[PDB]
Every structure is written in structure tokens, then in C-alpha cells.
Amino acid sequence: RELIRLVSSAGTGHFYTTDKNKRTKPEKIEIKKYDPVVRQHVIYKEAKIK
RNA sequence: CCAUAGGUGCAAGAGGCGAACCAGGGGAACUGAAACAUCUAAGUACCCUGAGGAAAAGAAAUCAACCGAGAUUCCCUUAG
RNA sequence: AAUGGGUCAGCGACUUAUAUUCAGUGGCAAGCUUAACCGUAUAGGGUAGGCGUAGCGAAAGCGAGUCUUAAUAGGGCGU
RNA sequence: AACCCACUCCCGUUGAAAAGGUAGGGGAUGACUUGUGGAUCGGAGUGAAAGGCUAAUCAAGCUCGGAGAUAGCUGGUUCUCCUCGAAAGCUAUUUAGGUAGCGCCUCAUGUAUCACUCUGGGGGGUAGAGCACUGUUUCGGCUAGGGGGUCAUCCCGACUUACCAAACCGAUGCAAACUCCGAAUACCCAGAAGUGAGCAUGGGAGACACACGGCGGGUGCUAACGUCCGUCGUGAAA
RNA sequence: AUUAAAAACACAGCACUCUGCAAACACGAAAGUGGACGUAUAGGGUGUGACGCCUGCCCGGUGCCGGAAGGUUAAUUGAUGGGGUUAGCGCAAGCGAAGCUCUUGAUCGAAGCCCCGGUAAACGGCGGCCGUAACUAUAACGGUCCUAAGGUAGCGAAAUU
RNA sequence: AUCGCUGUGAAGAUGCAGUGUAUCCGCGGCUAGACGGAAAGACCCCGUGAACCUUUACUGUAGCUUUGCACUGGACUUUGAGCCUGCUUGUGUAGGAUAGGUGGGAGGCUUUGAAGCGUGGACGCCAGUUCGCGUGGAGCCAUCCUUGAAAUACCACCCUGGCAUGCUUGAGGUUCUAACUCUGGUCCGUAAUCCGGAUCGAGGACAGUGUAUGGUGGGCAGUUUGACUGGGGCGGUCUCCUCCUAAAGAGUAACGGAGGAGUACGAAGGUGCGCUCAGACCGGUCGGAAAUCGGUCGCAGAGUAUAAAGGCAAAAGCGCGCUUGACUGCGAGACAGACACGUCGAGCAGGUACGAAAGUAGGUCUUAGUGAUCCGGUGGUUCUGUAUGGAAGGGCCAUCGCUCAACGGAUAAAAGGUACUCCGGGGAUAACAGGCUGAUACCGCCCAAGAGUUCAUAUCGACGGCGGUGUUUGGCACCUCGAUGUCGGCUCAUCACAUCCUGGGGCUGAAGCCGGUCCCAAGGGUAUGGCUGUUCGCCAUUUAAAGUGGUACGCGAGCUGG
RNA sequence: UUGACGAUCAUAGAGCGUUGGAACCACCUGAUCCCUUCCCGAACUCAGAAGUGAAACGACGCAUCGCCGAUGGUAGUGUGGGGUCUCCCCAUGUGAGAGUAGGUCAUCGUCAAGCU
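Below, the structure is looked at part by part. All residue numbers are counted from 1 along each chain's written sequence and may depart from the entry's numbering; residues that have no coordinates are not represented. Lettering of chains starts at A and numbering of ligands starts at 1, both following the order in which they are written. Note that the chains on view sit within a larger assembly, with every value limited to the chains on view. To obtain the side-chain values, all non-hydrogen atoms of the structure were included, while hydrogens and water were left out.

## Considering the pattern of salt bridges
1) Next: The term salt bridge refers to a pairing of a side-chain nitrogen on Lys or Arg with a carboxyl oxygen on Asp or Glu at a separation within 4 Å. Counted according to the given criterion, the structure contains two salt bridges.
2) Next: With a shortest N-O distance of 3.4 Å, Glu46 and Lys28 are connected by a salt bridge. Separated by 18 residues along the polypeptide, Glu46 in the segment after β4 (40-43) and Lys28 in the loop between β2 (15-20) and β3 (32-35) bring together distant segments of the chain. Counting from the N terminus, the helices are DSSP H or I runs at least four residues long and the strands are E runs at least two residues long.

Here it is as C-alpha cells:
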């Protein structure tokens, strides 16, 4: 369960942080979650915390 | 070879001692940290070299903010 | 049947200084008080400085309110 | 033999002596003994090496300074009276014989006679008891069972039932880590009568080595004035 | 020196190794002195200890000696990139020259180690399992297992059993 | 104003309780006691004590050694590299050749391109190319003449193979003298050969010395090396979860009995819609005790991501469709609790996913799956920004890297010895003796299967039970660490009786001599030697017999010291 | 005569036996059309009766299993005192579990609907 970052779609540097078992599923996820700057839901994506 | 070293003759000064004080040279450890290596203790103890009745330091290639203050030395605050 | 003391007479152990907190008793009182230093010197001057009379906030800042927050909602601290 | 040395016994141990004495021993022309004078020094000398000697001191002298070193460790702490009066528990610790917060004592300030001791509602799974579950146990029956004898078939039937043995019916016992059940007490909150001290903020501490006894328990050999807990009492401090 | 006189220390003898002279080595902040007014038949260090018969195998570990091919490897150099300021330009937003600076670090760098060999009178190390011969118990002989190699001569209930 | 004995008692009494004895006071002897006198125990444990030793503990250093920069020069050379210049070099499909090319030039008239055969050169992604033209001052490639991705002949810019030589510079090699060196020779100061100075001789840009840096370095130094512990050493254990001990509220110990964690999951989460287990049995193709299918009986005996406990029909269990509420700002109230951390949460506002709509969703049936502060690293952030304007550096918000796991974590960074030892303490704690206790011991006693030819009890007595003594192997840790001297021998002893000898005596498998066994009896006796430190033992020889225990395993202010 | 929704959770359960239609209810017919099946009109759904009370469902009977369950005694236990003291006894307050006598084939409420 390596840990990953989920950078927002819009311009803001707001992100979420979670973990993902890299070994079983290699591809990235596109979860739609809330954004505290634009005050509405957008979709997120990334990995690679550093 | 010249002429310096070197050697004599004279004049003037210094050398040694003393309790603390002052400026430089060299400079510990115990102990604190409830252990201990950075750090403290501490440039303190002690040890040398100078000088004076005091010494050192001093007359801006300094501080302040767009206002200004004009050498150093010492006490009281800023302030634990 | 653990320690100490042969008996007598002398001496022999919670102190000081500088900061600060709480109580007791006093002075002036939204104000109280001066340190060095001057001084015919225990008087007098000296109010620089300190504590108070208003807070909240990491800060700028705003103020009987202010901070967080999209907040004008709630809530923390304060009157 | 002088001389240098120190192998044995006894005496001495407040000695005559802070290392001797009386008897006996080893070397005694040499790696000898010794007189005078000099040289080597403190993490430093010397040493045919024992950690030996360096002024009766040596796994690093003696003396004066740093220095009234540091000591959760021992010992001691001095005149009278009056009111109140403990603890040897918990949590953490390079901690266990130290210390710090809460529990227990004291003196002030406040709010509350709060709050105790008597009577109404309330959960529980302990002693006991039980076998419905989980296990364990005895006998009897009826059997599955597989069979045990096996009648016994190249090799098949099934006689028999000598094997044993599920499972199921009936009687019968037992569990801290088993429950269809199930008290006494202890806890909570409410109601009142009488008699006699709760909460909160401040100052000051001491304690944190416990002892026995009764009633419930672990461990031990249901042994110890053994040892670790729960609760009441007495010592400590009568 | 003052509870231990020995089997302890010494020793003549033996071997190993370092030292070509302003020597190795020691004491000294340094000057210098010992060594030694000596010169490898000499001088330092380490072990064993007259004499007699002798001194076996293991170079993996650790140390010293020998070798450089290649790898890594120090300050020293500072290529390149990225960033600060601003002359300019832009309604603004922003891009931005030269200078000056702040980081980044390419190369350039020796011994050393890693490697490759030698040395055990250098520190050190020298195994197990079974089955086996006309009594045949026993094991000459035979398997197998592991290692850098698996204890020979001599001695043996011993200052060790 | 100082007796004995039996008890008690912080547990071995001249001083307590009970009861026996004793007229007051000396002198010579002896050493049983006064836990006798001397020495803050050295053995043993502790102290976040001290010394000095060891190494492969950690951090360093003396010393030795490598290379930069100084002191420090020229002469040639090999070789790297920058520099220059003029640059003349430029060969593949294919053009006549040849493409590094960008602008002028359409052709090019300096022997026109002299040609053209062949002249050498060096040349070659080779016959491909440049320069002499042998002749001789003689037309050429064709300027798209071609074709080729760009056409020549001519002027310009640069680059390349390199050509040369320069400019600088590194690295290596040789040589030279003038720096430095000489613990060489002979003059001088000097009557000295230390030290200078003069001159020859040797070495020579090396050696050596400063300063910066690598390596080696117990040669040397400052230091570290945990706790609980039925003594501490060895071993085991240090944090979190569930059950039992735990006494029907919470809580609650032991080196007390049993087990588990240091994670998984983008669906194993949300929501709507549906649906029920294991087992028993009988029927049924190659399975076959047991696969799939059908059926009746069931009444949770299954299941639950992961240990056990408590649960689960609105099923918290199973399937399918859409999805992201595994959301942001909060949070009245409480439960727990030394503190720091902790657990549950209605409701409000933002924006969402299901469902026709009420409504449900702030992760998973619940409880384990984890580590403060300081550091530093990365995204947002005007909040600050030391004259001013900016920046660097702070601050706040979000998030990453600790296993002294000794899990409230001493530091970025740590092992051992002491019989050479030392200081401060302790019977809060061990070894000797005492004390309480008897599992172990040793002495008995109850049932009696049996053998003893027959016959259980003349002698033994398996299987099992109930006691006594404190004698040895223990258990515990109450006394003593400002000292209670431990084993064997010598000397001297005293008491018990569970009797070795002698005395009296039931029974006998006792003919006689001898015996075996058990009751009564403590008066007197109760061996010399060999071997060992021995008590013990094993031997040789005796004797009426060579007893078993207590008395700090009697007895060191009585001796010895194996 | 029934049908819906509750109240109370076995003295309300299980088993056996009997019995009810054309009002209700259930089976039933067909899936064309809504709609459905990891295959199937089984279930789900739609248009619908004929036919039937068989099944199912309700009522009415049986204590055969189950379930409730007295009284008396007994176990244990709070406080005070005892004794022969790893266990019990006395005074006093409290008092099960198991078993016995026996019980149980439920009792209600709201509407629509059947004398009603």
C-alpha cells in the first residue's frame, strides 16, 4: 500500500492523500470529489507524493 | 686589492624587590546537563612579560531613517 | 544479643544578598511610585523607567469586541 | 671464617625492635661486596619483570592552589504551652531505597446543611444449581455402522453376530476459561422525618519499605509469622 | 625492602626480520645528543632456551611483502542549467539586455581499498557417518559426508584423565 | 544492689513469667558465657559511584604517509588542449564530377578552360579529385547540356580532414647551474673547529620546511556498556487486542493459566432492488464415503477479509444496477480520565450519489494493525519582510521521513575485565550457625494378595492408607554486614534411648551348642593400624562389644592449619 | 359470515382430527400488450373469468409433545456470637433451583364489511 497524492483538476494546489496497492492495479484513478476552493465537486488524479 | 666582520678605549642608561590594581602572551579540570562526547564551568584558576601612579581607550571611512544625533570612559534603565 | 555515648566544664548546626509570588497590617487612590545622581547630606529635588486603567489574533490589523470561516450562522477567549 | 644474604623451627606480637633475637643454613676471586662524589622524576623514571622500588606512603608520590569539588547516601539538629491530624495507594519514569501530578491532612475565602445515616424505581450473571449448548463419564437397550467368528462361494450368496463400535432411546455423574436458569449483598437516582461539615478557588506540607488478624481467592504441599490481590478492623500514631 | 625463593625471570646457544651511514631506532616543540668517534663476521626488534636425535600437513581468515591492467576515491578547477535585481517595453498584465550576485555541478585529481599473486622459527587451524576377514568379537580393507586442510613421528590415567 | 532451670520474646535472657537454690569480703588457677576487646566487613548486592587495564565499543588525536600551493629556475623534447591564419580538403540513389552549406554569379574572355592524348604529385564513401601542362601559349564541365532533392564557370562568409607555425597550457622525458643543501676538504676570526665568513667538491630544482587535504593510527586521551528478578548470574520479558483469575456496577496484582496483531480493500465502501444456512436423508450417466441436478426434513447446529469474546430477520450473511458521503467548515452535549492523547454525536451551512417519494450516506458487525517534540524536504499562501523598492529567511495551512520494539522515546553518534582493586551504604539482600515448615528423610503403625512343602502373621509381606522425631536434600528470608572466625585432627567432656556389650525375660519352622524376633532396663564399659586433607569408606588383625544421635553438624580470648 | 392494520409475545406453540364458499380469498386461463428470468410467465407483472375449496387459508375439537407452575422443605447468604476451626453450628433478617398437586388448543383494539 504505497501512498499517493490526488492533485485537483482546476488551478488550485489543493490535493487529497491516500494509499494504493501499486502491485495489483498499475493504472491511475479519476475519482470525483469536493474542492474547498471552487466550492464544488471536480475530478482528481495523480500519484507520486515527492 | 679596497673594507665590513672582529677587537680595545670612553660616555650615557638598564638589571633587583614590592600586597592589590591595568594591558598583552599561554591557558585547564572537577562540576552543571539528575548518564555523556557539542555546550557549560570559563578565556575563570594558575603561569610568564610589560608599564603607571593609575592604566587602557579616544576626536568618526561612527549611529540613525528621509527626522536627525557628533569623541572616549563610568553608574541607572531599556530587558532577562 | 542492632546503632551511638567513660563522666564533667567550655564552644558546636536553617544564615545573608539580589529578584519575585501569596497572606497579615499601613499610605495615598483611576492612579500609585521613583533608580542612579544632585543636596547646608536620614529632609528636599530627581517621574527617565515600571505596574495599572481593554481585549482578541501566529501576524498585519481591528477594537467592547475580536479570531476561525464562503460566515453575517455556530463556537473560543473578553467585557 | 670476616663479609653480604634470608631456607627451617621455637620465642616475641601492649615487643628490647612500626620486621629482631638464639640455634641451625646458602654464596664466599667474582653475572662479587662496599666507602666517597655525581646522573636519570610523576601518566615520568628505573626494573635478570614481582606491578617491584622512587625518604616507615605507590594499578601512577609528597605539598600548596582550583575548592566550603560532588554525594537521590549514613550520622546529628538545642526553651514551654494550646486546637487539628495522616500515608506506606494509582499513573509515568535509565525507573524500583529518588522524584512528579491525582487520592488522603492543614489553614483561609466563597457558595451551598449541600451531603451523610432511614424508605421507592433500577440493570447484573457471582454463590448455588442444572445438563438445553460446548466438553468429559458410567451401565443398559436398539441398532447405523462398518463387521469380529466368518458359514464361506476359482472370483461373488449370504449362515453365523465370536469384532467391535457411531447414531438413537432410558437411567447416571462433573467443569475458572460450559449456561435453559438464579438469590443474599453491594451499587445508582428519586421521598420524605429526625439527629450531626458538602462543593470550588488559593497558601503549606508530609506519604508513595507497610505489618498482622477475620471473611472471599491465585500460587504453594488447600505447608510456612511464605508470597501476590479484594474488603473491614487493630498496630504504626493508644 | 616487611607472610610467597619457585617449576618463575636470566643465560650461553638457535632461527626469523629490519638497517648502506646524515643508518633502522630512541629522547627531545626545535637546536642537538645516544647509537658509535662503531660500518652488515656490524647494530636494533621478536620468539625459543646447554647437549643429543629431530621439527609433519594447511596461504581459506587476519597481517606483512610483490604487482599494476581495470574499477571506485580527497581537497583543487567550474563547463552547463536554474534563480535574484532592473535598462527597456507594455493601458495594464507581463516579458526582459548588459552588469552584479545565489545556487547547480561536467570534466581535471594521488596514495588507499576492491582485485592478482607470495610468505606459517608471522597471528593462527589440524572432521563425521556406517558396512566389513573359517568362533570371528574386532577392523587391515570399503563406502559416504564436509574442509583452506583434517594431526605424522614420538609420548600417553601424565604439573593435563 | 551483676545466680540456675523451664517457658515467652525482633524468633539463642544476669534484669520478663513461674519456681528452685545462696551468710558478707578476698587471694591463687582455668577459659564455658557476657552474640567478650581491636578494625563504619574485604565475601555478596546496590550507587544513572572512582580508578587502572583490554579490544574488532564510539568519538577523536601523537606519529608516519599521498597529493595541491609557496620557497622554485632554462634548455630541448614526447603529448592533451584551447588560438590563428589562408584555409587549399567536401567521393553514397544519380549528374559529366562533387554536395556542409546561406547571398552574388548564368556561364564564365588572366595563357579563353588551350585545348586533346597522355607528364608526376599526393591523393581517393577509387580509377573519384586537385595542382605542371610534355607539346605547345592550342577551347572548354555547358552556363538544365544534363540528370540529380540543391548545377557547375566564376566572388563572398564560415567549418572540416588536417597542412603547416605561431600564440598560449597542461602531463611526461632528458640535461644544465644560479636558488636551496652538505653531521666534505683547507684558510680566516682564534690560543676553540661550536658558530660564522671566504673559496674550491658533491648533490640540484629533487630533498626539506610552512599551509590545505586523503590514508593508516589502543601509540594516547575522554568516555559509554539498561531494568524487572521469591539473592543476581544464565534464560525469559519491556507496546497494543480478546477471554479467565475479578468477589452479578467501574476498577484491581503475580517470572498466574490460554491465544492473537506491527495489516488488507477503489470494492470487501454508499444506495436501491431482490434472496436464504449447514447438515440428514432417498432418486439419479464414466465421480462416488463425499462434485453437479431433484426432491422432502430443517427451524442458525452455517456464514462474518483477519484471534477470541459479545452479537446479527429492518438479517450486520448472499447476489445484481447506478456511484464516490473513504466529502469541506463545524458541533449542543456527554462518557472516560494525573497530564498529554482518547470515544460517541444530534443538529446547522456548503455542495453531492442513490430512490417514485418519505429517507439513507461524515468508510468496513464491533473491539488490535501503531511513535510526542526538535530537525529538515516538498505544495498553497502578502502576514512579516532590519534606510527605501524588491528578494532571502521566517510565520500560518496542507503533507513527507524515528524500531535503542528498553515501544512517555537520555545523544547526530557507545563493548568488555579486575583474584591489584578503592569510597559511600545494607541484615530493604546471599553464602556459615539459629528460627518457622516437612515435600525429602529416618522410626512406626493399619488392611493382607501372597511364600514360608501343608499353613497370611516363626520369619517376610506386593497393592494402598494414618502418624511421630527434627537427624539431611530442601522451601521462606524474621535476627546479625559501625565483623556471630567456616571443614577434619588433638585435649576435655555432658545428656537422650529409638540398646552395640553385660542383666531380667513371651514366641520360634527353639533337640543340644548356637540363633531369629519382639517387650523391660541408661549402672559401668564401648580397639590398635595401613591408604586418603578427609568425616566416610575399603582392607589386615583383634575383642565380652568395637552403639546411633543432640550439645553454634560440642570445643581456635584451649592447640594445630593438612 | 370475511378482509386489512395493530395490541400482547408460547397458558398465544407443534401434532392430530374435522370443516368453510360462489360475498371474500386462493388456486386457475393466456401473455398479445406493460414487465420479468446470469435458462425458464417458477417468482415478478399485465389482461381476465370459466373451474375448484383439492391444495392453501380460516374456524371448530383433542393435553398425546411442548410451555407455564403452586404450597412445604432444602441449598446459599447480610449483621452479631460460637465451636472439635482446610469445615460447620446458634440468635436474627432473607430465601432459590430442581421436583410435586395441577394448568393451557389464548385475550383484545380500529375500520371496511356478514344477523350484524
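## A closer look at the packing of aromatic side chains
1) Next: Centres within 6.5 Å make a pair out of two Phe, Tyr or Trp rings, where for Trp the six-membered ring is used; the pair is then stacked when the planes are under 30 degrees apart, edge-to-face when over 60, and tilted otherwise. Inspection of the entire model under this criterion finds one aromatic pair.
2) Next: Between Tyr16 and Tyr44 the ring centres are 5.4 Å apart and the planes differ by 90 degrees, which places this aromatic pair in the edge-to-face class. Of this pair, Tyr16 sits in strand β2 while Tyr44 sits in the segment after β4, and the two are 28 residues apart along the sequence.
3) Next: On the accessibility criterion, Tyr16 (27% relative accessible area) is partly exposed.
4) Next: A ring is scored as having a charge over it whenever the NZ atom of a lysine or the CZ atom of an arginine sits within 6 Å of its centre and within 35 degrees of its normal. Between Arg5 and the ring centre of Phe15, over which it is positioned, the NZ or CZ distance is 4.4 Å. Only protein chains enter the calculation, and the probe is 1.4 Å; a residue is then buried if its accessible area is under 20% of its type maximum, exposed if over 50%, and partly exposed in between.

## Description of the nonpolar core
1) Next: For the purposes of this section, nonpolar cores are sets of buried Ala, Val, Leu, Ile, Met, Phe, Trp, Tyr and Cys residues that join through side-chain atoms within 4.5 Å. Listed in full, the five residues of the largest apolar core are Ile4, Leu6, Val42, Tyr44 and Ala47.
2) Next: Contact between two residues is taken to exist if any of their heavy atoms lie within 4.5 Å; hydrogens are not considered. What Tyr44 contacts, discounting residues up to four positions off in sequence, is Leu6, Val7, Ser8, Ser9, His14, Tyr16, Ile29, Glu30, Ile31, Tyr34 and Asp35.

## Details of the side chain of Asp35
1) Next: Within the secondary structure layout, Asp35 lies in strand β3.
2) Next: Note on charges: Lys and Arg go in the positive column, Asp and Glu in the negative column, and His and the chain ends are not counted at all. An unpaired buried charge is present at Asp35: no salt bridge exists, and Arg39, the closest side chain of opposite charge, is 10 Å distant.
3) Next: In this view, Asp35 contacts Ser8, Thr12, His14, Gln40, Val42 and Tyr44; residues no more than four positions away in its chain are not counted.

These figures capture arrangement, not role.
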